[PDB]
Amino acid sequence: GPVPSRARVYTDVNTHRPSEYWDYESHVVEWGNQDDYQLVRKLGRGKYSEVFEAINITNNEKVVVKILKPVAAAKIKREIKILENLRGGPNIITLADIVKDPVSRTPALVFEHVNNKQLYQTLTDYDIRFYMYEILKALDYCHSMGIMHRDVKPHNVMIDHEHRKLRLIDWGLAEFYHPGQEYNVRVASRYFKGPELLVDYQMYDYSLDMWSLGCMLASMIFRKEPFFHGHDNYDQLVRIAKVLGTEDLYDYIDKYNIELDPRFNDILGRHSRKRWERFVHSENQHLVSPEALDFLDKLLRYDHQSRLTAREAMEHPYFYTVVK
Ligand SMILES: NCc1cc(Cl)cc(-c2cccc3[nH]ccc23)c1
């Protein structure tokens, strides 16, 4: 069968934990009071939830309320456990309350207010490096705590540009990393899906978030939204193969003894690996540097084991110019 894989960092953090840390189903929810809050307006609608601006009418504090649709509601114990385990961490959203509506019979997660994808195509070279470092602080933190985010994308990064503050949000797909565990490949949003997901390789790890991060980086420095514009999950892999090449793609599936879905035979073809300088033009050359290209190259690798971890990414010369 497929060759097994392990994370090369934080491999055994959850195995040393008392079961309460990762055994989220065992967690008993302490429901707060929904009457403490008044919903002001809907901020967005997704397949998993609806997000609203709200006020805690007791203290007059602004909050963000995420009302969960049935698919997300069924996994609420996992998301709560992850949010509580990570609360206080660098650039992680703060879960403030857990409430249940007796009217609709649905649960909601209440978060401390965060000010705010329209911004990330507008940043200077310095601000891309600065904001990328802030995202890396959150990814190193959750990875070090044995958690994979699995949905890194611009919409899950809330930027308060006036105060140069950033939060990694929507931990709804986040999961505890257990070495040797086979995970569901139906995670992350299409343009940010790692090759491992697209080839149905289930024994993935934290490195998945590093591919997603590279997609965000490629989009920012090249001003190409999204960077890998797949029509569907099959065309998503073809778009990646037109950039990274088919030769390294086949070496990847060979290393892990994976077989592509035969439908790739009439759509994949053969593609040379392109050099990153190929995506440089007059409108984006001020955002590109040899350090940016070297860094990007080291994130966007087929082999999930060969990608920089969050910590190695923070050591990259691309971040030497960022005040620490
Ligand atoms: N006091 C009104 C209020 C405050 C908050 Cl924080 C939430 C809700 C709500 C409305 C509709 C569906 C829901 N599911 C879970 C909560 C919820 C109502």
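The figures here come from the full heavy-atom set of this structure, side chains too, leaving out hydrogens, waters and symmetry mates. By convention here, the first residue in the shown sequence is residue 1.
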Evaluate the side chain to side chain contact (heavy atoms under 4.5 Å, CB included) criterion for residues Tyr37 and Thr58: first the C-alpha distance (whole Å), next the side-chain angles of each, then the deciding distance (0.1 Å), finally the verdict. CA-CA 8 Å; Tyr37 313 95; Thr58 76; over 6 Å; no
Check your understanding: Does CD belonging to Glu247 count more than 12 external heavy atoms closer than 6.0 Å?
Key -> no
Exercise for review: For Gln118, look at atom CD and say whether over 12 heavy atoms of other residues, nucleotides or ligands are found less than 6.0 Å away.
Suggested key: no
| Side chain proximity check, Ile169 to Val157, heavy atoms < 4.5 angstrom | no
Between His143 and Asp140, is there a side-chain donor-acceptor contact under 3.5 Å, judged purely by atom types and distance? no
#### Entry: Side-chain ion pair, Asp127 and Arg164, N-O less than 4.0 Å
yes
Rounding to 0.5 Å, atoms CD (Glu53) and CZ (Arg41) come to a distance of 4.5 Å
Are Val9 and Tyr141 connected in a single hydrophobic cluster, I mean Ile/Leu/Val/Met/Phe/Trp/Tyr linked by side-chain heavy atoms less than 4.5 Å apart? no
In terms of hydrophobic clusters joined by side-chain contacts under 4.5 Å, are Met216 and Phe227 together?
yes
- Answer yes or no: is there a side-chain heavy-atom contact under 4.5 Å between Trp211 and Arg307? yes
**Item:** Main-chain N/O of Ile159 paired with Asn116 side-chain donor or acceptor, under 3.5 Å
**Value:** yes
Heavy-atom side-chain proximity of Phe295 to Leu308 below 4.5 angstrom: yes
Problem - side-chain hydrogen bond (donor to acceptor under 3.5 Å, both in side chains) assessment of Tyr204 paired with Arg150 - result: CA-CA 10 Å; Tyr204 63 78; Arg150 309 197 301 177; 3.0 Å; yes
### Task
Show your working on side chain to side chain contact (heavy atoms under 4.5 Å, CB included) between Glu196 and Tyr252 and close with a plain yes or no.
CA-CA 9 Å; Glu196 60 265 55; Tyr252 173 52; 3.2 Å; yes
**Item:** Joint hydrophobic cluster, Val288 plus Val243, side-chain heavy atoms closer than 4.5 Å
**Value:** yes
Is there a path of hydrophobic side-chain contacts, each under 4.5 Å between heavy atoms of I/L/V/M/F/W/Y residues, joining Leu260 to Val185? no
Check your understanding: Are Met145 and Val13 in one and the same hydrophobic cluster, where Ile, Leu, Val, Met, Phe, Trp and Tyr link if side-chain heavy atoms are under 4.5 Å apart?
Key -> no
When the ring planes of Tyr206 and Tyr177 are compared, do they come out parallel, tilted or perpendicular, using 30° and 60° as the limits? tilted
Show me, pair by pair, the donor-acceptor contacts under 3.5 angstrom made by side chains of residues 62-73, not counting sequence neighbours?
| residue | atom | partner | partner atom | Å |
| --- | --- | --- | --- | --- |
| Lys66 | NZ | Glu79 | OE2 | 2.8 |
| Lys66 | NZ | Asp170 | OD1 | 2.8 |
| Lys69 | NZ | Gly46 | O | 2.9 |

Side-chain donor-acceptor contact under 3.5 Å, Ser207 with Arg8:
no
One pair to check against side chain to side chain contact (heavy atoms under 4.5 Å, CB included): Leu244 and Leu249. What are the steps and the verdict? CA-CA 8 Å; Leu244 301 202; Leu249 174 49; over 6 Å; no
> Is there a donor in the side chain of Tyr256 and an acceptor in the side chain of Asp303, or the other way round, less than 3.5 Å apart?
Replying inline: yes
Worksheet item: Taking C-beta and beyond as the side chain, do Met220 and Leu123 meet within less than 4.5 Å on heavy atoms?
Response: yes
OG1 (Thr246) and CG (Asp251) are apart, to the nearest 0.5 Å, by 10.0 Å
> Does the side chain of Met210 reach to within under 4.5 Å of the side chain of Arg301, using non-hydrogen atoms?
Replying inline: no
Rounding to 0.5 Å, atoms CG (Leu299) and OG (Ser306) come to a distance of 12.5 Å
To the nearest 0.5 Å, atom CG of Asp151 lies from atom OG of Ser212 at 8.0 Å
ring-ring contact (aromatic ring centres under 6.0 Å, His included) with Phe176: of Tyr21, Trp171, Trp22, only one passes, and it is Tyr21
Compile the donor-acceptor pairs under 3.5 Å between side chains in residues 128-137 and protein atoms, sequence neighbours left out, one pair per line.
| residue | atom | partner | partner atom | Å |
| --- | --- | --- | --- | --- |
| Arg129 | NE | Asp125 | OD1 | 3.1 |
| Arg129 | NE | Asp125 | OD2 | 3.4 |
| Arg129 | NH1 | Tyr318 | O | 3.0 |
| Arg129 | NH2 | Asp125 | OD2 | 2.8 |
| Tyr131 | OH | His161 | ND1 | 2.8 |
| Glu134 | OE1 | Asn91 | ND2 | 2.8 |
| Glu134 | OE2 | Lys137 | NZ | 3.1 |

Heavy-atom side-chain contact between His304 and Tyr201 under 4.5 Å: yes
One should read off an interatomic distance between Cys215 SG and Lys153 NZ, to the nearest 0.5 angstrom, of 13.0 Å
Here the gap from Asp248 atom CG to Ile240 atom CD1, rounded to the nearest 0.5 Å, amounts to 13.0 Å
Test salt bridge (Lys or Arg N to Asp or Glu O under 4.0 Å), reference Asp297, set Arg275, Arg273, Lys274, output is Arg273
Worksheet item: Can you check side chain to side chain contact (heavy atoms under 4.5 Å, CB included) on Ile98 and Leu109, steps first, answer last?
Response: CA-CA 5 Å; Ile98 307 148; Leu109 304 178; 4.1 Å; yes
**OP:** Evaluate the side-chain proximity of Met148 to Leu208: yes if any heavy-atom separation is below 4.5 Å, no if none is.
**Re:** no
**OP:** Indicate yes or no: at least one non-hydrogen side-chain atom of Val280 is less than 4.5 angstrom from one of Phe222.
**Re:** yes
Original post:
Using 4.0 Å as the upper bound for N to carboxylate O, is an ion pair formed by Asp294 and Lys298?
Top reply: yes
